[PDB]
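Heads up: the structure comes next, in structure tokens.
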Amino acid sequence: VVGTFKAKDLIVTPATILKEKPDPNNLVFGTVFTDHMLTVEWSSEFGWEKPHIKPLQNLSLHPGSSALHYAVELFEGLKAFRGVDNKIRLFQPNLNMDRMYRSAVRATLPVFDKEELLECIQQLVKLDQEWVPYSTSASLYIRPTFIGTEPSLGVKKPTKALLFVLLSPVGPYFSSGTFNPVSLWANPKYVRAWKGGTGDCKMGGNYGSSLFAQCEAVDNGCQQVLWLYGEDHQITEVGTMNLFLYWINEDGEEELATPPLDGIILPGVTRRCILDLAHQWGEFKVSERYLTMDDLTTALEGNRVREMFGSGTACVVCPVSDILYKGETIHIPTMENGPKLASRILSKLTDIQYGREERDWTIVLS
Amino acid sequence: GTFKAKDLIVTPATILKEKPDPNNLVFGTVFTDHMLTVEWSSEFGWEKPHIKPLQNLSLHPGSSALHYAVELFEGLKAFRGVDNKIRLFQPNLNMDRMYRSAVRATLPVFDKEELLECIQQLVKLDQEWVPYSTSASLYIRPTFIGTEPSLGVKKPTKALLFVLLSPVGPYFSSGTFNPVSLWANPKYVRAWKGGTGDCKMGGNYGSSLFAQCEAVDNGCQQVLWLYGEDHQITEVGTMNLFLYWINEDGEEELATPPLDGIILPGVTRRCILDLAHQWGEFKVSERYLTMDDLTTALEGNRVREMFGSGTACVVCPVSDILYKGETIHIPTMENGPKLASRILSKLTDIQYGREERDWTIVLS
Ligand SMILES: CNC(=O)c1ccn2c(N3C(=O)CC(C(F)(F)F)=NC3=O)c(-c3ccccn3)nc2c1
Ligand SMILES: CNC(=O)c1ccn2c(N3C(=O)CC(C(F)(F)F)=NC3=O)c(-c3ccccn3)nc2c1
Ligand SMILES: *Cc1c(COP(=O)(O)O)cnc(C)c1O
Ligand SMILES: *Cc1c(COP(=O)(O)O)cnc(C)c1O
Ligand SMILES: [Mg+2]
Ligand SMILES: [Mg+2]
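As given, the protein sequences belong to chains B and A, one line each in that order.
Residue 79 in PDB author numbering sits at position 59 of the first sequence, and the numbers go up by one each step.
Residue 222 in PDB author numbering sits at position 200 of the second sequence, and the numbers go up by one each step.
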């Protein structure tokens with residue numbers, strides 16, 4: 021019936037008692053939640069209900085809900101930043117709405133009007149705007165979440181769903197607020213995602229399967245998993261981050277390389293932004309290309325590697341110092357090379373996020 | 023550690039729901055009066071198990087089951103016998119598989135015997151829901167979810183184990199073989215080497231819905247899951263795949279894909295392999311089967327039967343595969359189907375207590 025919900029229909033139930041804000045320098049990522057959340061119910065029978073902004077509450081779900089049985093679920097991750105000018109900005113949020121819509125279609129969750137969801141998210145951040153931290157090293161994490169709630173054990177396209185948005189204040193990625201280079205666990209026994217799978221979507225099913233390898237990484241003194249793919253051991257992603265390699269390539273050219281979007285790579289907003297910046301600067305070759313462990317070890321032997329880093333909303337730029345592979349520790353000289361490019365990218369993205377320079381990539385809160 | 027069945031806290035419902043007509047049941051849509059719930063935390067371990075009225079779950083919206091598919095499930099049945107004794111069927115294999123799935127999911131381990139006793143006590147309390155029909159059964163859905171209120175992608179420090187009961191009818195309303203048409207599109211891959219395809223983890227299923235919709239759009243009832251450059255035939259929807267044929271060496275053979283990481287080790291699959299091995303009437307091979315193997319065999323009139331196996335269907339004969347724009351006929355229904363019928367008769371006779379078997383347990 022109701023094709024899609026509208027921000028103009030928002031029903032706002034303000035909280036009576038507002039919670040004390042956390043210290044932005046003693047925050048664990050995604051553990052502290054703001055006063056309010058967005059919820060929107062859908063059914064096949066009646067379509068989208070009116071959207072609600074209401075106090076953070078537990079969800080009341082039928083125990084047969086397909087999100088709990090068949091991972092009929094997806095999420096997004098984007099941030100609000102309090103600028104040096106005290107204006108709150110979103111960063112490329114229409115890219116998150118596009119990616120969420122694409123994920124919903126592949127999940128068989130009901131489609132929604134992307135502009136109306138973004139306006140609902142803006143109104144939620146506006147209401148909880150004092151949760152956007154007063155710190156140029158902290159931000160407000162925005163977690164749109166979309167779950168199948170049909171009370172049927174049939175493996176089927178859902179006839180009931182809930183779209184909701186949580187807000188979580190977060191500090192710097194590492195407590196130190198400076199580059200803490202990560203050690204990676206590279207075990208080809210595990211595969212994050214495969215050709216013909218859903219690795220290019222933020223569907224919950226891609227993450228539950230990763231926890232065992234992450235635990236093995238921590239057991240072996242590593243902070244993140246290096247996700248290897250195929251007989252040639254392609255390096256694909258670092259934990260929940262896109263993978264960048266800054267090196268002299270096989271042709272002796274200075275190059276920033278990242279795996280191509282061939283179906284096993286999550287198309288990161290950060291990844292997109294870094295490729296755009298590197299293209300704009302025009303100071304070295306920019307290549308979306310396959311990179312193997314043998315490519316990397318051959319390059320290290322030839323002193324051709326400068327930097328390796330992950331990219332993502334949570335870290336921005338996460339330098340890599342070491343990879344544990346085939347029972348050996350392989351040193352990556354990222355931190356002995358500045359890291360010049362990683363630092364330059366972090367400085368440029370944070371200058372844009374916190375309004376130190378104007379950009380088409382930011383929207384001031386409505 | 024573990025919860026213990028001896029600690030069960032039973033809160034009976036004071037209002038009972040009307041039992042459904044056993045001949046008008048939609049699979050997994052009707053739920054019984056009671057459920058099992060058991061809370062876990064890293065801090066305190068397993069809480070006492072509860073049998074209480076079916077209720078909504080109250081979950082923190084940050085629960086890792088909702089964000090990162092930190093979840094697994096099982097599927098097994100209780101059957102009201104011809105002698106009116108309620109029986110479970112190979113339930114220890116479900117407990118083994120659930121335990122193994124929990125380890126792969128990084129959910130907390132539990133005592134398999136304690137969970138089975140808790141399930142028996144739940145079915146016993148709701149035993150009148152086990153249908154009065156030799157074509158209907160009580161579906162048992164153990165479910166295990168991460169309830170950590172954290173957006174970190176991490177091993178959960180909070181979890182809920184629960185069990186739902188759902189009365190269900192025959193797989194097809196007719197209660198006779200309705201052979202399935204399969205949609206074979208290699209662009210979709212159910213599972214990969216180094217993934218979780220050999221575990222009943224929720225994450226393996228959410229990704230499948232789009233392909234299932236495409237199957238139904240093209241007049242097919244199930245997806246044929248193809249893998250690799252050679253187009254291995256792996257599974258049929260949520261069922262293991264059996265091929266009864268004359269193999270390349272001219273030998274009568276029952277073939278099924280091997281457990282190399284992309285196959286869910288079905289209880290029904292296990293039972294069928296056990297029966298075929300016991301009978302000793304033909305070769306039994308856990309081997310790769312490709313679309314080219316199958317079409318070469320069909321061209322040589324070497325195929326007898328193809329069927330899916332699973333708790334829901336038992337034996338699901340396959341009549342056709344839509345592949346590369348061609349409808350490929352499988353002569354299953356023109357060959358009896360003799361083996362499919364024999365397997366269905368044997369397993370249903372055991373389930374409904376028409377013959378004694380080590381595979382069944384009479385309810386606690
Ligand atoms: C072996 N371990 C892994 O490979 C691993 C994987 C993911 N990780 C994250 N992490 C999320 O938890 C969530 C997250 C998204 F996408 F939700 F924002 N991004 C992420 O980087 C973090 C993290 C996140 C935020 C702040 C500090 N640390 N650390 C890891 C480690
Ligand atoms: C393109 N479509 C597919 O490939 C497809 C997939 C799974 N399917 C099931 N089905 C579950 O829905 C659930 C289920 C488990 F495992 F939970 F018991 N088994 C299952 O066979 C059913 C079904 C189940 C019970 C009764 C009648 N029909 N039909 C399909 C079709
Ligand atoms: C979210 C995510 C990324 C990073 O995407 P951003 O939009 O830059 O936050 C990378 N890899 C995986 C697997 C992800 O889920
Ligand atoms: C559950 C399941 C089966 C069948 O298992 P049974 O124990 O026989 O019910 C087959 N394949 C997949 C993918 C499954 O999830
Ligand atoms: Mg519109
Ligand atoms: Mg041929």
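Ideal Cβ positions, reconstructed from N, Cα and C, are used throughout, including at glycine.
Chain B residues whose Cβ lies nearer than 8 angstroms to that of residue i
i	result
A/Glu93	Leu88, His89, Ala91 and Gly228
A/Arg163	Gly84, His89 and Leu173
A/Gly216	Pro208, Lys209, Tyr210 and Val211
A/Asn78	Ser80, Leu81, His82 and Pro83
A/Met57	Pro83
Distance between beta carbons of residue j and residue i, contact taken as under 8 angstroms
i	j	result
A/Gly225	B/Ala91	5 angstroms
B/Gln244	B/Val202	5 angstroms
A/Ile294	A/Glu257	About 14 angstroms separates the two Cβ atoms, so there is no contact after all.
B/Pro83	B/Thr33	Between B/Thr33 and B/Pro83 the Cβ distance is about 26 angstroms, and since that is not below 8 angstroms, they are no contact.
A/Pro42	A/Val52	5 angstroms
B/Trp68	B/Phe111	Actually they do not touch by this definition, with Cβ atoms about 27 angstroms apart.
B/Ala100	B/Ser159	7 angstroms
A/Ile31	A/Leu147	Contact doesn't hold; Cβ gap of about 12 angstroms is too wide.
B/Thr333	B/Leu98	6 angstroms
B/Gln149	B/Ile108	6 angstroms
B/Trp214	B/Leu246	Incorrect: roughly 17 angstroms between the Cβ atoms, too far for contact.
Exposure label - residue i; buried when at least 16 CB within 10 Å
i	result
B/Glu96	buried
A/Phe166	buried
A/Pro280	exposed
A/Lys222	buried
A/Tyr374	buried
B/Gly322	exposed
B/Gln300	exposed
B/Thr54	buried
A/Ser230	buried
B/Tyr154	exposed
B/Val211	buried
A/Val340	buried
A/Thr36	exposed
B/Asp315	buried
residue 9 of chain B	What the structure shows of chain B is the stretch from 21 to 386, and residue 9 of chain B is not part of that stretch, so it cannot be assessed.
Backbone secondary structure at residue i - three-state DSSP
i	result
A/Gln254	strand
B/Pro113	helix
A/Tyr345	strand
B/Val104	coil
A/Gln244	strand
B/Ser157	coil
B/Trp381	coil
B/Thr165	strand
B/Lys99	strand
A/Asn269	coil
A/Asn357	helix
A/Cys335	coil
B/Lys368	helix
residue 15 of chain B	For residue 15 of chain B there is no data in the structure shown, the boundaries of chain B being 21 and 386.
B/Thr318	helix
A/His82	coil
B/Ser188	strand
A/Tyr90	coil
A/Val289	helix
Within chain A, the residues that residue i reaches when beta carbons sit closer than 8 angstroms
i	result
B/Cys235	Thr128 and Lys177
residue 3 of chain B	Outside the displayed span of chain B (21 to 386) sits residue 3 of chain B, for which this structure offers no information.
B/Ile167	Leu88
Contact list for residue i against chain B, beta-carbon separation under 7 angstroms
i	result
A/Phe232	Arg126 and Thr128
Amino acids of chain A, ordered along the chain, whose beta-carbon sits closer than 7 angstroms to that of residue i
i	result
B/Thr51	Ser172
B/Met223	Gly228 and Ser229
B/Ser188	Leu173
Cross-chain neighbours of residue i in chain A, by beta carbon under 9 angstroms
i	result
B/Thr260	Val175
Partner residues on chain B for residue i, Cβ-Cβ distance less than 9 angstroms
i	result
A/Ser64	Going along chain B, no residue has its Cβ under 9 angstroms from A/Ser64, so there is no contact; the nearest lies around 13 angstroms.
Please specify which runs of the alpha helix (DSSP H), each continuous and at least 4 residues long, are wholly inside the stretch 41 to 67 of chain B, giving them in chain order.
Those alpha helix (DSSP H) runs which fall completely within the stretch 41 to 67 of chain B and span 4+ residues do not exist here.
Which runs of the beta strand (DSSP E) spanning at least 3 residues fall entirely within the stretch 193 to 237 of chain B, listed in chain order?
Runs of the beta strand (DSSP E) spanning 3 or more residues and lying entirely within the stretch 193 to 237 of chain B occur at 202 to 205, in chain order.
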